[PDB]
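S.K.: My sequence and its experimental structure, below.
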Amino acid sequence: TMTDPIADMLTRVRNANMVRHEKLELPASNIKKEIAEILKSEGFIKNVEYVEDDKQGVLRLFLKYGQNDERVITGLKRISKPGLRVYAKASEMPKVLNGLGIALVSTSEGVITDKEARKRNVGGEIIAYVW
Amino acid sequence: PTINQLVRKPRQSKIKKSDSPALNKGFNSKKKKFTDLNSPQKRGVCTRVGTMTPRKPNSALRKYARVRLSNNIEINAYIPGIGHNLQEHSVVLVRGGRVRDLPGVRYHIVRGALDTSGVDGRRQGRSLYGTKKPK
RNA sequence: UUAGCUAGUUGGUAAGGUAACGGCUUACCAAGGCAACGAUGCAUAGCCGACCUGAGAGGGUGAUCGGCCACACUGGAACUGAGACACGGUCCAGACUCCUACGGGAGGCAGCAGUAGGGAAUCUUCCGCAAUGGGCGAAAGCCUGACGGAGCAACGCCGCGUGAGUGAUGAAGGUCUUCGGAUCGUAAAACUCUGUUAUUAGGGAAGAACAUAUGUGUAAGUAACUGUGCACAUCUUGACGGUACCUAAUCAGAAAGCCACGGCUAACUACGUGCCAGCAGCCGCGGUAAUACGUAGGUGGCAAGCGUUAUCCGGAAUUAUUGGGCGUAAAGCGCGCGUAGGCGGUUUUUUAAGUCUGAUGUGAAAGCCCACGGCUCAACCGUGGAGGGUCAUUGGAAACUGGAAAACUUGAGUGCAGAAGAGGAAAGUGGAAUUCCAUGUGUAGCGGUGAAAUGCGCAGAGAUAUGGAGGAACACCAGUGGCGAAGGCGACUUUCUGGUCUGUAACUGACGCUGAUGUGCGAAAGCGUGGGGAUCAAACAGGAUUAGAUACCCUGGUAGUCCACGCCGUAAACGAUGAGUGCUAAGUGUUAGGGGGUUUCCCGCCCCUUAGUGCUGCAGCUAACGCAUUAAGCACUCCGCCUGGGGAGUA
RNA sequence: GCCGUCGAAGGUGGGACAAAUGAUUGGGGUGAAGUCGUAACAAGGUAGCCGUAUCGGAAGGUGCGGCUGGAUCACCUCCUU
């Protein structure tokens, strides 16, 4: 029994940061593919590659590292976790690190970065910051 | 703790206690209960004036007095200043504040408001100890 | 440390009653209802818009002001009236007070004052309806301790001046001086302007004042502005108050102090004093040279206010949702089974409850904030705006949470082959050791202390040799080695019985995790019931040491240690590390397995995979020590718990 | 005007709870350099601690089970260049 898959993926990502390995393996999901795509679109992910085998996943991602082998982010975590679910309006939506970081948020029309979610004036349930 | 474990109990505090345990005054008369009347100061009749000494490392003959208050309770309070114009049966106004000489006394009277007359032996702290401005 | 409450209660029928529905009340029938999502009780308390604080979330309060509720010496009741079961109405009962011819009768300041009493402490026994608003009147007008206004408190906020400029001689004088001088200090004196404010004389008697009735003239209605119902004009109204304010004249002359000066915290010198007197919010000063006591000078802060006290918030992240921790510092209960609850694998469809989004109504006003305007400015007031709901209705979205329906297996569980294990119960078996007894041999000793002593021994000990009885745990094996959820499990054989892992993967298709309350198990000791007691061993006896030893020491020695059934229900019950799940460098072993290659045959060898079981260690983490795949790392869910020590696990 | 129901106040009775009081009494906090003995802190001079039992003026002791948070010595076995 696993209480939360997003917690698993973020722990895998951070534990990949602490030792620095380009490749990681994790059971995929539709929300997982979408958030991985947005991670690549921010610039934190070098490449994305989904695979299929019995049954789900398994999502293989290619990390990114600086020329001097410097980790891009300085921290990464979620906000909406079980028990205490959270939500966020369009105006109240938080600017974490302003432009620096972004705020993944799931909306009635789909998951997008923090920006577009405040541009369109449609909020939603936040999932995880990243910075 | 976990959020639901915090929902089903009111997150209890460490509620403090008072420093003047006779800041409170019981029902004066026409009643037996003790009111919660609060005050910054209480008057009282002094049934004996005495003198005691503090514990180590201080050494001095420190002057105190036991007083019966309006709420008919028994407290102790040391008289400050030079000279004391009190004795048994003397009424007196009382302030609040603890001294580290010895326990059983955690107040001190105010000099110049009640029978306790101010001492004019001072010229610097005149607004305390009842001294009036000299000319 | 408030666990059961409720009998008109709950439901029905019928009727009555109430403006109304209603056990609201009656009679009949029924036994339900309320309660861990906290009933009932107890204790306290009017509630709210808001106020204070805080960056914010929050915390505390319910003073003015407005809304709602409850009450009018205490208890009961009802008439009037639309509206009362009535604050300055009534009756009764009750307490108090008072008059009387003693027959009986009069009142209820939690209304304004004002008065007593209590307290630390909270004020005129004010003028008046000029305005606003009330009750009545046809109106004029009446009435109104509402209210307008005046007054007292430095109670609060704000502002306000207690002169300015020139002026050194560093005057005098005070203080200190290393005896030169320095300090106060342009400070003072003096010169020149000034009058904040004050004092006088005048004005204005300012605004707030709008008006009602009264005459001219006009529209609706009546046959008839004859008269009536409608808008203008002009006439007419100030307690505040002769105010506010203004003009002109005069004087720096009436108008300044409080706290602190060791650090926190800005501000030092002399003297007195010498653990005395005293200071003290904390750290702490002082027993003869106190920058901390007191005083003087000087200085800093602040100001018509200043300091103390009490109270509240912040600081306090010191209740931690934002924003805490639980190895050692307080904090993981002993553990187990599990209800309620909390949480939830993967995919599709669908609902749109949550969520997001728009509108509508509403969140009184005053208040906070913003912007502006007006009182000379500010305070203040007004205006308008924003803001404020865990708010209701309704239009849309469907990723996510949720509801429904349909699919999957990776979690959990089962299935087939296996592996091992001190896993639990009942019985029996073998031998040694021990104890007692008996016998033969056999003597002067045996026994014990660091030294001894006690004790045993001529009735022949010990011991030796033999055989016999007793009760009690099983030598090597034994290992950081395993089983068991902990507490535990080491003698063997059988009977019955619970668990664990690997492989398999065919199978059920989320059935899962945490889990309050509840239940059971639970070390040794202790207890109830009956036996047995060979040893060992609390209490106890002797001796010895010892100043003394009822302790350690030596020799005995009961309960007990044993069994059988119940009783209790704690522990440093530990890994001082809660359970479940996933991820993150290594090497080295151990226990029960599996796949593959090397060998004629692996059983000899190696690699790989498991799960526990260890160590060294990187990243990271920690007060550090240490943790490191058997995390105290990186996260999630759930449970338990802590908010200084002593008191005290005490009452 | 009488009678009937309800009806407060009042009296009677029994309980429940709260607060003061009370001879004495038990334990605790504190105070003079009080006396007795020194168990604990090191191998604390008999290792300590935890529970229970029992003894003792007392700190404490003892017995039984447990822990190291024990040291002089020494871990079966294992780790380390």
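M.R.: In hand now; what should we look at? Numbers count the residues shown, from 1 in each chain, chains lettered A, B, ... in the order given.
S.K.: center of the chain - which residue?
M.R.: No chain was given, so I picked chain A. Among the residues of chain A, the one closest to the centroid is residue A:35, at 4.8 Å (Cα atoms, centre = their mean).
S.K.: let's do chain B instead
M.R.: The residue lying closest to the centre of chain B (Cα atoms, centre = their mean) is residue B:107, at 2.6 Å.
S.K.: bridging residues for it?
M.R.: When assigned by DSSP bridges, residue B:107 has beta-bridge partners residue B:77, residue B:96.
S.K.: Look up how far RNA strand C lies from the residue nearest to the centre of chain A.
M.R.: Per Cβ to the nearest atom of the strand, to the nearest Å, residue A:35 is found 9 Å from RNA strand C. Yep, even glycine has a C-beta here, placed from its N, CA and C like the rest.
S.K.: check contacts around that residue.
M.R.: By Cβ atoms under 8 Å, 6 or more residues apart in numbering or on different chains, the contact set of residue A:35 is A:9, A:104, A:111, A:127-128.
S.K.: Can you narrow those residues down to the ones near RNA strand C?
M.R.: Here is what survives when the contacts of residue A:35 are matched to RNA strand C using Cβ under 7 Å from any atom of the strand: residue A:111.
S.K.: The contacts of residue A:35 into TSV, with extra columns for distance to residue B:42, neighbour count and secondary structure?
M.R.: Compiled in TSV, the contacts of residue A:35 are given as follows (distance: Cβ to Cβ, whole Å; neighbours: other Cβ atoms under 10 Å in any protein chain shown; DSSP: H, G, I helix; E, B strand; the rest coil):
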residue	distance to residue B:42	neighbour count	secondary structure
A:9	68	23	helix
A:104	64	24	strand
A:111	68	18	strand
A:127	62	20	strand
A:128	61	20	strand
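S.K.: from the contacts of residue A:35, which single one is nearest residue A:121?
M.R.: Closest approach between the contacts of residue A:35 and residue A:121, by Cβ to Cβ: residue A:111, at 16.7 Å.
S.K.: For that closest one, name its beta-bridge partners.
M.R.: Note on residue A:111: beta-bridge partners by DSSP bridges are residue A:106.
S.K.: where exactly do the helices run in chain B?
M.R.: Under the criterion DSSP state H, chain B contains helices at B:3-7.
S.K.: Equivalent analysis for chain A, please.
M.R.: Going by DSSP H, chain A shows helices at A:5-17, A:30-42, A:114-119.
S.K.: For residue B:75, find the nearest of those helices.
M.R.: helix A:5-17 (60.9 Å).
S.K.: what's the closest one packed up against?
M.R.: Judged by 3 or more Cβ pairs under 8 Å, 6 or more residues apart in numbering or on different chains; DSSP states H and E, helix A:5-17 is in contact with strand A:23-26, helix A:30-42, strand A:76-78, strand A:124-130.
S.K.: Figure out which of those is closest to residue A:94.
M.R.: Across the helices and strands packed on helix A:5-17, residue A:94 has its closest neighbour in strand A:124-130 (7.8 Å, Cβ to Cβ).
S.K.: ok now that closest one, how far from the chain's centre?
M.R.: Counting by Cα atoms, centre = their mean, to the nearest Å, strand A:124-130 is centred 8 Å from the centre of its parent chain.
S.K.: what's it in contact with?
M.R.: Under Cβ under 8 Å, 6+ apart, the answer for strand A:124-130 is A:6, A:10, A:35, A:39, A:42, A:44, A:73, A:76-80, A:85-88, A:93-94, A:96, A:101-108, A:111, A:117.
S.K.: can you do 6 Å?
M.R.: With Cβ atoms under 6 Å, 6 or more residues apart in numbering or on different chains as the test, strand A:124-130 has contacts from A:76, A:78-80, A:86-88, A:96, A:101, A:103-107.
S.K.: Okay, strands next: where are they in chain B?
M.R.: Using DSSP state E, the strands of chain B run over residues B:24-25, B:37-38, B:42-52, B:62-69, B:74-78, B:90-96, B:107-109.
S.K.: picking that back up, out of the helices and strands packed on helix A:5-17, the one nearest residue B:52 is which?
M.R.: When the helices and strands packed on helix A:5-17 are compared by Cβ to Cβ, strand A:76-78 sits nearest residue B:52, at 62.6 Å.
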